[PDB]
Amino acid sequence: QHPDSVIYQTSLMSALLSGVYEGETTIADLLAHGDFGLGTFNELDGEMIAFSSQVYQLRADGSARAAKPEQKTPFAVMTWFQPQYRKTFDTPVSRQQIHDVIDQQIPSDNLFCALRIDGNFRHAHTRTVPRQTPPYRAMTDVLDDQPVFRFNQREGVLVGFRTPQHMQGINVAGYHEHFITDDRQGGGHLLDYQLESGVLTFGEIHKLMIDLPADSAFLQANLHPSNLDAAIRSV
């Protein structure tokens, strides 16, 4: 029937920031809820990117690997990607100009958006969380390997979600975009990028499923400090 129009989420972003780095949600159980998405891995060991319908791990020492079916994640956002709009670019366009386009076709901030870009990127600045060790602290005071890596004139795939401003804490407020190269050898959490040329797929989503963990690490965590927003708009 009517395709599965749901944002599935193993959660919370507030939890990931609180210091809950280990979940029991599997890559396999993620693929059950979509063919498309992003997130991280247990112990914050690099970035996850998922598309059509392949899961990759983007690690800290640069590099990237194909995700193994039974790896687990403390936070991930999946969906069956079914775009409704599309724009093609011949002239170079920035990350914001992409967001302008999407905002124009989907003005209401009260909805979710899934977006995918396939093309050649003139520049791209990324960050990538490094594998952690106990005691698991916040996602601030990382260590801080948040050094900014730079890609140049690389072909690749972009995967992203737009999350309502009022949903911060639950997910990443605003645009959250991940990147992997056509080689599948590099990428990460995008801070900014600019497109030389490419194809932008996107669509709005109205349904959100949140899967709250049952492990003690999640159960004992305080997910309501009034710090949050500047802390997450810092990852």
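Heads up: residue numbers just count along the shown sequence, starting at 1.
Out of 119-127 and 138-146, which stretch has the higher average CA B-factor listed in the record?
If you average the C-alpha B-factors of 119-127 and of 138-146, the larger mean comes out for 138-146.
Tell me which stretch has the larger mean Cα B-factor in this entry, 57-65 or 191-199.
Between 57-65 and 191-199, it is 57-65.
Peak C-alpha temperature factor (PDB record), options 133, 108, 82, 153
Among 133, 108, 82, 153, the highest C-alpha B-factor in the entry belongs to 133.
Just say lowest, middle or highest third for the CA B-factor of residue 40 relative to the other modelled residues in its chain.
For residue 40, the deposited C-alpha B-factor lands in the lowest third.
Could you say whether, by C-alpha temperature factor, residue 91 belongs to the lowest, middle or highest third of its chain?
Ranked within chain, residue 91 CA B lands in the highest tercile.
Could you tell me which third, lowest, middle or highest, the C-alpha B-factor of residue 70 occupies within its chain?
Answer is highest: the recorded C-alpha B-factor places it there.
Comparing against every modelled residue in the chain, figure out the third that the C-alpha B-factor of residue 18 lands in (lowest, middle or highest).
Its C-alpha B-factor, which the entry lists for residue 18, ranks in the highest third among residues of this chain.
Lowest, middle or highest third of the chain for the C-alpha temperature factor of residue 227?
Highest third, going by the recorded CA B-factors of the chain.
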